[PDB]
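Visitor: Sharing a structure, written as structure tokens. Questions coming.
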Amino acid sequence: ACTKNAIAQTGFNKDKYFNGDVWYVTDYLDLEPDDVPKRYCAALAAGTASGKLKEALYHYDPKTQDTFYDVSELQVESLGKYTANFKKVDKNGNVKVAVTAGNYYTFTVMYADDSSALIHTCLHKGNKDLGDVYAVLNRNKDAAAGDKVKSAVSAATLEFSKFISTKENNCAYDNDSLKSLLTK
Ligand code: HEM
Ligand SMILES: [N]
């Protein structure tokens, strides 16, 4: 179960974050760890598509090769905090698993600038019991976390030393599919 009410960034700039471009997860912290494997790849695009706030997600387990994409139209709870009912799609946007009550994540942007971000997400999926996941994002898939985002991790009363890096997983991403999925 999730336990955190994450606080959104003061002065969060939604249009800059939701600009249609890709964010890569570089590091993550799962508060209920055996939620998820140690050795993971994830990325997202987020933007407005024909007036609708959207995210597209990609997950890849570099050991098992388990791969999935998702798309959601985000609903606003407050500036920088969203609820996202997702649908699993192939890379081209064809629906594999339709939107369904109880399949949603929340999404809080705790810090962002043009190149980096810190987010909190709480996943709900059927009768699974999942916990809080924090993620450090960068526009550059190879970037080491810099002082702005590491300071934001401390300001959330988290220790960056606990975050697990994605950098040694050979992650390769289809940026084109993430951008195009925003429309789907
Ligand atoms: C970047 C922010 C993230 C968001 C918004 C997010 C969102 C989601 C969503 C919506 C699903 C369900 C997809 C579906 O069934 O169609 C999912 C599943 C999953 N995510 Fe993430 N995720 C994020 C990052 C991560 C990270 C960093 C990991 C690290 C291992 C991770 C591990 C998983 C796993 C293992 C599942 C499968 C859960 C299951 O069905 O048992 N995710 N995530
Ligand atoms: N997740």
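Under the authors' numbering, the very last position in the sequence shown is 184; numbers go up by exactly one each time. The beta carbon of each residue, even a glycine, is placed where N, CA and C say it ideally should be.
1. Reducing DSSP to helix, strand and coil, say where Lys150 ends up.
2. Assuming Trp23 and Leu137 form a contact by the criterion Cβ under 8 angstroms, report the distance between their Cβ atoms to the nearest whole angstrom.
3. Alpha carbon to alpha carbon, how far is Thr64 from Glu168? Give it in angstroms, no decimals.
4. Classify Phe160 as helix, strand or coil using the three-state DSSP reduction.
5. Mind the definition here: the region 92-107 touches the region 26-37 only if three or more C-beta pairs lie below 8 angstroms; say whether that holds.
6. Anything with a beta carbon under 6 angstroms from a heavy atom of ligand 2 counts; list them all in chain order.
7. Whole-angstrom Cβ separation of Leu182 and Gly80, contact assumed at under 8 angstroms?
8. For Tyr111 and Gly20, what's the separation of their Cα atoms in angstroms?
9. Less than 8 angstroms between the CB atoms is what I'm expecting for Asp27 and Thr121, so what's the real figure, rounded?
10. Give the range of the beta strand (DSSP E) segment to which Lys96 is assigned.
11. Does the Cβ of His120 lie closer than 7 angstroms to at least one heavy atom of ligand 1?
12. Please find out if some non-hydrogen atom of ligand 1 comes closer than 7 angstroms to the beta-carbon of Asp70.
13. State the beta-bridge partners of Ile7 as determined by DSSP.
Guide: So, to answer that:
1. Mapped onto the sequence shown, residue 150 falls at position 150. Residue state, collapsed to three classes: helix.
2. One-based indexing of the sequence shown puts residue 23 at position 23. One-based indexing of the sequence shown puts residue 137 at position 137. Contact holds; Cβ gap of about 4 angstroms.
3. Stepping through the sequence shown from its first residue, residue 168 is reached at position 168. Stepping through the sequence shown from its first residue, residue 64 is reached at position 64. If you take the alpha carbons of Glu168 and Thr64, they lie about 15 angstroms apart.
4. Counted from its first residue, the sequence shown places residue 160 at position 160. Looking at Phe160 - three-state DSSP - the assignment turns out to be helix.
5. no
6. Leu123 and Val133
7. Residue mapping note: residue 182 aligns to position 182 of the sequence shown, counting from 1. Residue mapping note: residue 80 aligns to position 80 of the sequence shown, counting from 1. Actually they do not touch by this definition, with Cβ atoms about 19 angstroms apart.
8. The residue labelled residue 111 in the question sits at position 111 within the sequence shown. The residue labelled residue 20 in the question sits at position 20 within the sequence shown. So the two alpha carbons sit approximately 18 angstroms from each other.
9. The residue you call residue 27 lines up with position 27 of the sequence shown. The residue you call residue 121 lines up with position 121 of the sequence shown. In fact, because the Cβ distance is near 14 angstroms, the residues do not count as touching under 8 angstroms.
10. Sequence index remark: in the sequence shown, residue 96 carries index 96 (1-based). Residues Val95 to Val97.
11. Position 120 of the sequence shown holds residue 120. In this structure, ligand 1 has no non-hydrogen atom nearer than 7 angstroms to the beta-carbon of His120.
12. Locating residue 70 in the sequence shown gives position 70, where the first residue counts as 1. Yes, ligand 1 has a heavy atom inside 7 angstroms of this Cβ.
13. Locating residue 7 in the sequence shown gives position 7, where the first residue counts as 1. Paired residues: none, contrary to the question.
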